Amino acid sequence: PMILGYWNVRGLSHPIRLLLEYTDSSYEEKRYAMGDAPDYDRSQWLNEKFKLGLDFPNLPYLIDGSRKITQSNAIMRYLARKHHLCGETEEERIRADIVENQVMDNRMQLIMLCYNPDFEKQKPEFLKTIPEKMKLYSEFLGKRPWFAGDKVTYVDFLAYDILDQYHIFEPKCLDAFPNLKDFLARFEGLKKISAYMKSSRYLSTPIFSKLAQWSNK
């Protein structure tokens, strides 16, 4: 079957794990362990980083038969082409392209806070930027069932993940945006997703490595 390599955290791999499940993919994972500090040992990964035939070794990586891919969004796009989960029209394509890039920014923003040694001090100000971020997703989605428009697409998995992560971070952040709350429930209600969420494979936390200041365990 296919192999997905990543750390044994949620990190940025949740959309891939969820899409492998939604597509009924035949896969197994390598969940690399990282030692405790000070070292935060990575040998488990580093012993084999350059022995996998990856063009640009990284985590996550996906091996599918002959094919070897890195870069979470490239993996996501490969799986979407594979299972016909791309935007179909130019309009859907541009909406998807924008969402894909926008989620990664909002993800980088959260990461930058969560790896800041001055976390608690920076938090209040980070929390203040949430309503603005959420408002932009809320308005973009509007009354659409999915981000692209009519059909679930791979960007719905990206959006689910980052919305959920912000929701975990600040539990009241969706209260003013019922459509986003509805979107999370609609996503979570997709048959294979609901079954996966209750399964032994599910990893909702920790989101970050032991290194982080938040969701590090």
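Don't overthink the numbering: it's just position in the shown sequence, from 1.
- As the entry records it, the average C-alpha temperature factor is higher for 108-116, out of 91-99 and 108-116.
- The mean Cα B-factor in the deposited entry runs higher for 198-206 than for the other of 198-206 and 9-17.
- Remark: of 127, 141, 134, 75, 127 shows the highest value [criterion: C-alpha B-factor in the PDB entry].
- Sorting 180, 152, 69, 168 by the CA temperature factor given in the entry leaves 152 at the top.
- Ranked by Cα temperature factor within the chain, residue 26 sits in the middle third according to the deposited record.
- Residue-level temperature factors show residue 2 in the middle third of its chain, judged at the C-alpha atom.
- Ranked by C-alpha B-factor against the other modelled residues of its chain, residue 187 falls in the middle third.
- In the PDB entry, residue 85 places in the middle third of its chain by CA B-factor.
- For residue 34, the recorded CA B-factor ranks within the highest third of the chain. Only modelled residues enter the ranking.
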